[PDB]
Structures are given as structure tokens and as C-alpha cells.
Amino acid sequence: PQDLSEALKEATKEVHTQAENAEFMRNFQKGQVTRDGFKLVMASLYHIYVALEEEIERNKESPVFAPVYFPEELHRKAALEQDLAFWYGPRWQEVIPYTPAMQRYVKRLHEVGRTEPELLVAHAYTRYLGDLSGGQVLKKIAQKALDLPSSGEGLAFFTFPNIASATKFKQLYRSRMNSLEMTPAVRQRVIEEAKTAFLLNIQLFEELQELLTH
């Protein structure tokens, strides 16, 4: 399609399904998530978003990323810090896992931000528009599965408080994505990088399910 936002959506349909089909996500969707499994995905997300948000800050004034720079609206590191303090306690930094599959994803995010920053939009699309677009169904599942106390914390990640309307915001973000100027080669690489981002998530899911089933 002409618009990058539509090109991305169409090009990643089949890997999104692969993610939906991954065993860990099948189980999450059938509501068979455990607190230990949930904790692991929240730890994963912290590492991913620390790396992604570091590289967005690095490249925020670059013409290859500035049009989609929305820090107040989208930043997730602080929310995940709040959440991990709940799930892993006050010493969470010293005890959260940082696994090889998590490292693989973080490594690629830094390579992209430092040496192929034109591709960073692919990673911000995959994470932010996915977490925003899917956050509604994704949260629903946990709360009814995790039996959390009524302690007012642990799921801040699933609320973007500086977005009053997700629908308006997605429209805006897509608009901005579409205003990026790129050659056909870069556009091709951006699309492939969005597929790569999905596969990095899928391989993570495969690792976490392994870790949880000993």
C-alpha cells in the first residue's frame, strides 16, 4: 500500500498471527497465565522498553525519527518500574531476570538506534502501537487470571495516562509515520525490521515457556 502505516500492518499480519499462536500466548489467551509467568513477561518488557526508550532519546531530533517522537504519550519505562516494584518487591533491580532471549532483543534495539536509526520507527510501531492497540484485551486476561489483591498497583503498564483517546492517538501516530520520507530501499528495510521485531518477541515467548515448565 502507499502509506507506510498500512504497509506495515499488511506486511506483519502473518507474523502477528504467529505470535498469537505461540504456546505461551496460546496459554495466556486461554487464561492459563500464572503469576510466575506474568512476572517474567513484565521483567522482559522492562528491559525492552529501557533499551527502546534510550535509543528514542538518542535519535529524537533525527529526521528519520522526530515525526513519531511522543515521549509523554507513550513512555513505558516508569510504569514498568512501578509494576516491578510490586511484583518483585523493593529490591526488584537485584532479582529480576535478564535472560538470553531478552538480551537478543535489547541488543538489536541498540544496534538499530546506534547504527541503523532509520529502522527505529519499526520497533516503536511494533511495541507502542501493539501495546496500545492490544492493551485492552491483553490486560483483561491478567487481572481475572492473577487474583491480584486490591492494592492499586502492578498493572500501570496497561494504562497510557497521557493519551485521552487511543483511537485518535493511533490515527495521529499513523499520520506521522506516513509523513516520514524514505527511499524505497529504507522503506523495505523498515518493513523487514518490523517482522524482525515480531520474531524477537516470538523467540522470547518460546524461551519463557521453556523456563516456566521445568
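The term rigid core refers to the maximal set of C-alpha atoms that superpose within 1.5 Å between the two forms. Position 1 is the first residue in the sequence shown; the rest follow in order.
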**Request:** Determine, for 136-144 and 97-105, which one has C-alphas that on average lie farther from this form in 6 other deposited structures of this protein; superpose on the rigid core first.
**Result:** 136-144
**Complete:** Quick note on 149-157 and 38-46: per-entry mean CA temperature factor is higher in 149-157
**Between the two ranges 22-30 and 56-64, the one averaging a larger CA B factor in the entry** = 22-30
**Asked** At the C-alpha atoms, which of 122, 101, 78, 138 reaches the highest B-factor in this entry?
**Response** 138
**Request:** Would you mind checking which of 143, 93, 82, 126 has the top Cα temperature factor in the PDB entry?
**Result:** 143
**Message:** Sorting by Cα B-factor within the chain, modelled residues only, which third would residue 4 end up in: lowest, middle or highest?
**Reply:** highest
**Item:** Position of residue 132 among the chain's modelled residues by C-alpha B-factor, lowest, middle or highest third
**Value:** highest
**Item:** Position of residue 200 among the chain's modelled residues by C-alpha B-factor, lowest, middle or highest third
**Value:** lowest
**Request:** Relative to the other modelled residues of the same chain, rank the CA B-factor of residue 180 and answer lowest, middle or highest third.
**Result:** highest
**Message:** Lowest, middle or highest third: which one holds residue 166 when the chain's residues are ordered by CA B-factor from the entry?
**Reply:** highest
